[PDB]
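Asks: Sequence unavailable; structure follows:
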Ligand SMILES: CCc1cc2c(cc1OS(N)(=O)=O)CC[C@@H]1[C@@H]2CC[C@]2(C)[C@@H](OS(N)(=O)=O)CC[C@@H]12
Ligand SMILES: [Zn+2]
């Protein structure tokens, strides 16, 4: 009886195995745009993905993830609210069964069709497993997806999903350029939070971009053909793998823009 997103093991159950689920800096949250305050102390944000080295794509049983070589400073996030250098380890998505839901963060209670998370760890802690034990160990760049025009830079991801339909399947996924998944503007909101799945560790500086990317209905439909189950098990479509907004508690969301 492991955690997931079903009726009997979904987000409302997670606290029993992971009591930090009810903690003081849980994610995601609703971003109330009128209350977020512009912070002119924020330094410019820096997304340096030109030397990114993608390796593999994996169906992990709750989403799919594209993994990178993080054994060197090759794809890094710096600047913004961050002190130091954070290395890209993987990206993944959360999405809905219908276009009206799927994102984890919301904006004035609006849900997007999906949300991309580019996960990075602070190089001062040496490895990802040590970084997640630190309050400033991770920086996750969140990007909303809305349904409209296709995102050309996403198509290479969508076309390999057939090959990783079920839990535990992976495929070679080299030479993928994550710059093709970014919107034009790097305007963002930032706040201190957590992993949005178990173990729910409170180790993340969240940086959520204001501008969504557009993906086509066909692209998102292919996400919804994935399976939570393993091969040869009853088919359970991988949809609605998002955690709802959590209490903001004693936090302020800051904006990089006026
Ligand atoms: C190093 C601690 C640890 C973290 C994570 C996992 C296993 C982990 O190891 S363990 N021993 O607890 O099973 C698998 C689930 C992973 C999580 C790191 C944070 C992850 C990438 C999440 O990223 S997110 N949504 O941006 O917070 C979604 C999947 C998460
Ligand atoms: Zn995520």
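Replies: Nice, I can see it. Numbers count the residues shown, from 1 in each chain. Ligands and ions are numbered 1, 2, ... in the order given.
Asks: contacting residues for residue 68?
Replies: Contacts for residue 68 (Cβ atoms under 8 Å, 6 or more residues apart in numbering) come out as 52, 53, 54, 55, 74, 75, 88, 89, 90. In this view, the C-beta of every residue, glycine as well, is placed from N, C-alpha and C.
Asks: From residue 24, how far out is residue 246?
Replies: Note on residue 246: its distance to residue 24, by Cβ to Cβ, to the nearest Å, is 10 Å.
Asks: more neighbours, the two?
Replies: Taking other Cβ atoms under 10 Å, residue 246 and residue 24 do not tie; residue 246 has more neighbours (21 against 12).
Asks: hang on, that one packs against residue 27?
Replies: Yes. If you go by Cβ atoms under 8 Å, residue 246 and residue 27 touch, sitting 6.4 Å apart.
Asks: Any idea what the residue lying closest to residue 242 once chain neighbours are set aside is bridged to?
Replies: Among residues not flanking residue 242 along the chain, residue 94 sits closest, at 4.1 Å (Cβ to Cβ, 6 or more residues apart in numbering). Counting by DSSP bridges, residue 94 forms beta bridges with residue 115.
Asks: Then residue 208?
Replies: Using DSSP bridges, the beta-bridge partners of residue 208 come out as residue 142, residue 189.
Asks: I figured it hits residue 189, correct?
Replies: Yes. Using Cβ under 8 Å, residue 208 makes contact with residue 189 at a distance of 5.0 Å.
Asks: any residues in contact with both of the two?
Replies: Common contacts of residue 208 and residue 189 (Cβ under 8 Å, 6+ apart): residue 31.
Asks: can you confirm residue 129 is in a strand?
Replies: No. If the criterion is DSSP: H, G, I helix; E, B strand; the rest coil, then residue 129 is helix and not within a strand.
Asks: Mind giving me the packing neighbours of the helix or strand encompassing residue 191?
Replies: In the assignment (DSSP states H and E), residue 191 maps to strand 188-193. Applying 3 or more Cβ pairs under 8 Å, 6 or more residues apart in numbering; DSSP states H and E, one finds that strand 188-193 contacts strand 204-209, strand 254-255.
Asks: Now those in JSON lines, please, with extra columns for mean neighbour count and distance to residue 120.
Replies: Formatted as JSON lines, the helices and strands packed on strand 188-193 follow (neighbours: other Cβ atoms under 10 Å; distance: least, Cβ to Cβ, whole Å):
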{"stretch": "strand 204-209", "mean neighbour count": "24", "distance to residue 120": "9"}
{"stretch": "strand 254-255", "mean neighbour count": "18", "distance to residue 120": "19"}
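Asks: Now render those strands as JSON lines, adding distance to residue 119.
Replies: JSON lines is the format used below for the helices and strands packed on strand 188-193 (distance: least, Cβ to Cβ, whole Å):
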{"stretch": "strand 204-209", "distance to residue 119": "9"}
{"stretch": "strand 254-255", "distance to residue 119": "21"}
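Asks: would CSV of those strands with distance to ligand 1 be doable?
Replies: Shown next, in CSV, are the helices and strands packed on strand 188-193 (distance: least, Cβ to the nearest ligand atom, whole Å):
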stretch, distance to ligand 1
strand 204-209, 6
strand 254-255, 19
